[PDB]
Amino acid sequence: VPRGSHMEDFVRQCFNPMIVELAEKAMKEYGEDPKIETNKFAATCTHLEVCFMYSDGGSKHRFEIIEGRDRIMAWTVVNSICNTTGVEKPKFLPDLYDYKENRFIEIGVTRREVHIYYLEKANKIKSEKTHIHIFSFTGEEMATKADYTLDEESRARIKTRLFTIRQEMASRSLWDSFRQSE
């Protein structure tokens, strides 16, 4: 419906084009319009970039990226990982799979208490096998069994990036509505 919002313009100049394109595709795959739901547009871009920085952490062939693919190809890769190694098939699509630790990973990016969002994610999964790792826009993180998978330096980069995005939204007076939409 709209020709171009302030949030959308910030999203396009804030994230790299591959991420913006994947966010548009993932929303259009679910009936959502990036030009209207601009806060969810930023959050999909944020969640994507965090997943990609995460997978960049570690070795060369450690993580199987699940997020960013279309739904049916993502489940195709999950069925293959499950039949390859033998881990339990989750009821909901995760974001990564750790070949080093042999577990699917759910990545969360919240604008509230990491405890609240961990609890929300932990109750929906209810698969005692999918590892959970939450980041916030304030530098905080929480992970299952206190096992944070990556080194400190990789997590510190993600946290710094989140705080950079937060400041950028606020300078454009977009952070409040972004924090209130979650």
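Numbering starts at 1 and follows the sequence shown.
In this entry, 116-124 shows the higher mean Cα temperature factor of the pair 116-124 and 142-150. When the C-alpha B-factors of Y30, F52, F135, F41 are ranked from the entry, the top spot goes to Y30.
Take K60, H47, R155, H131 and read off each C-alpha B-factor from the entry; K60 has the highest. Split the chain's modelled residues into thirds by C-alpha temperature factor. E64 is in the middle one. Among the modelled residues of its chain, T84 has a C-alpha B-factor that falls in the highest third, as given in the PDB entry.
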